[PDB]
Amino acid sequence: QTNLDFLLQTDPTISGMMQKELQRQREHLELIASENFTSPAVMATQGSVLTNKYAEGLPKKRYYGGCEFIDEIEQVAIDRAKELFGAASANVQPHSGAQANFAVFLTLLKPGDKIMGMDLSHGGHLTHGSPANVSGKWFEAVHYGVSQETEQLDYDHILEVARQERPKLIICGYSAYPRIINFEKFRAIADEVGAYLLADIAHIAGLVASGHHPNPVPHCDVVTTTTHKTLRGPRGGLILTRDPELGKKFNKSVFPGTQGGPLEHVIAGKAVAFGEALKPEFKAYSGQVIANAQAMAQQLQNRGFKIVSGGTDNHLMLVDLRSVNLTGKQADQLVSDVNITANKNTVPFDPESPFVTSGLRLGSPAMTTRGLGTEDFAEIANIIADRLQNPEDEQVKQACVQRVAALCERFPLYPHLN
């Protein structure tokens, strides 16, 4: 008798909906740039009895009895994070990227202090100063964007904004930026205006880990990330720093500053995911992720689409939809209609509201995990192009649905499960 057998017996409603979600993951092209398919091993840790343990504090410094094994697991997670990212300090307890970022803010700032991040419409995150997020509600958020000419960062301009605004904290790292970030230049800029420097590498963490993107850790005061995007782990957050005394302060801000008990089953999954990312296979995967994203971006360009910045250095791209006279909201719907899962996104200098947008964000990590190569991603580009160019055409619609089905059949997902 298995845990899944108990679920079927005791909650057939939830059991059935879970089976539908597995079918759904199998039978769609998952192109949301922040998604991935985590391993069977990771999922086993999340399904474990580790959920039952209260473990406030840190390994060997807990507020409860009985943490001897939890301490061993969390210490493996910490040690593998420090190995993977070349970091002197790591806190593996943040429940999410949002909570990792909040703990950093609690450490470095007081309410009302000024933060400077990327414009949300240009690729910055809600937690980097959106007025609907605590980061913009309780702090004074100012923004930099990309160049209207190159559609990428102009470091001279960023320095000019920093000098004018005098932020206490500068944030780099983004949700929708397709080029390499120069952390050395961010350090120069922070040093010049006396700001703290945070790199939020949630999206690119697996590329950092694999050596396919420069590492912010030696240069920044602190680095946050999620564990579940290109790092292909469970959902959760992570705080890294080159400064182990500062790391002690961040620990206090995670607990007792912002969280209670950590999710030790998730932390076991973080350990597992970090161990997988230490393997040579993961370096190859991460190279393939970028090759695949570039292939999809190039083929979209071949089909007449504008890619913001003219291409990509990483796992993602923004498709500007003027060439096809669609809003992001419309394009997102139209691709959902042919079993492609993405999300809309504002482009730099978007004429439309964020609830409408002019862009579609696409990424390669999830389908790269299923085994697709560059020519398979060129085929994905062609399916998307076909659908967006001929949105009223029913025969194109069904061709797209059939081409998606072929890709999904070729590249099974979790074939041992039902």
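In this text, residue numbers run from 1 along the sequence as written.
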Requested in this report: Higher average CA B factor in the deposited record is what I'm after, so tell me if that's 60 to 68 or 24 to 32.
Outcome: 60 to 68
Query raised in the report: Is the mean CA B factor in the deposited entry higher across 313 to 321 or across 71 to 79?
Result: 313 to 321
**Report entry** Residue, from 373, 363, 354, 47, that the PDB entry assigns the highest Cα B-factor
**Finding:** 354
Query raised in the report: Among 377, 54, 37, 349, which residue carries the highest C-alpha B-factor recorded in the PDB entry?
Result: 349
Report task. Comparing against every modelled residue in the chain, figure out the third that the C-alpha B-factor of residue 91 lands in (lowest, middle or highest). Result -> lowest
Query raised in the report: Within this chain, which third does the Cα B-factor at residue 358 fall in: lowest, middle or highest?
Result: highest
Requested in this report: Sorting the chain's modelled residues by C-alpha B-factor, tell me whether residue 369 ends up in the lowest, middle or highest third.
Outcome: lowest
**Report entry** Where the record places residue 145 (Cα B-factor, split into thirds across the chain)
**Finding:** highest
Report task. Consider only the C-alpha atoms of the modelled residues in this chain, order them by B-factor as the entry records it, and name the third containing residue 251: lowest, middle or highest. Result -> middle
